[PDB]
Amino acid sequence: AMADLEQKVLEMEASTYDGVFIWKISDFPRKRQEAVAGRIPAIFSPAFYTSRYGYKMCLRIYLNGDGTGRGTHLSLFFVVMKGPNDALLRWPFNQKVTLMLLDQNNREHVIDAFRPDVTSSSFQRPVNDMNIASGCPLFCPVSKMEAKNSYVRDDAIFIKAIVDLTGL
């Protein structure tokens, strides 16, 4: 209950309530290796929300890829989580989501966006803590970022997510 409180505090510290989230991933080189090695393929980010009492969401990343991108790309996914106020929200979750890998030279960010499918189980009201993730298996070529460039800086990268709030 100390790592539980510690974890809670850590979660609160990272939460945002306007649909915009910036996830700094430090110790990049080590985590990158742990992915390549197959020890820790993926990492979950802290949770964030669409509004003070809105949808609860988090991100999941595979530094060395997943599925169609396994070993060739950085795969990034969006996750709808069971939120405390789900009973008050509209389902399925259907807000457009934009995912980005920030260029720390601020000249060319890697960006992609997707429209949730109303028929996918990924966006129905959560029964478990997290619904099945969905996103970009081929988000970024390992060569592009990682292998230097301006995405990795001082052994860290920044992932940014923007959830369109239209209709909320």
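Quick note: we count residues from 1 along the sequence shown, nothing fancier.
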Average Cα temperature factor in the PDB entry - higher stretch of 92-100, 67-75: 67-75
Between the two ranges 103-111 and 127-135, the one averaging a larger CA B factor in the entry: 103-111
Identity of residue with top Cα B-factor, from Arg32, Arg60, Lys56, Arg52: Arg32
From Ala156, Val20, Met145, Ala14, residue of greatest CA B-factor: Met145
Third of chain Cα B-factors occupied by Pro141: highest
Chain-wide C-alpha B factor ranking for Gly38, given as lowest, middle or highest third: highest
Third of chain Cα B-factors occupied by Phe48: lowest
For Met2, the third of its chain into which the C-alpha B factor falls: highest
Lowest, middle or highest third - CA B-factor, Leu168: highest
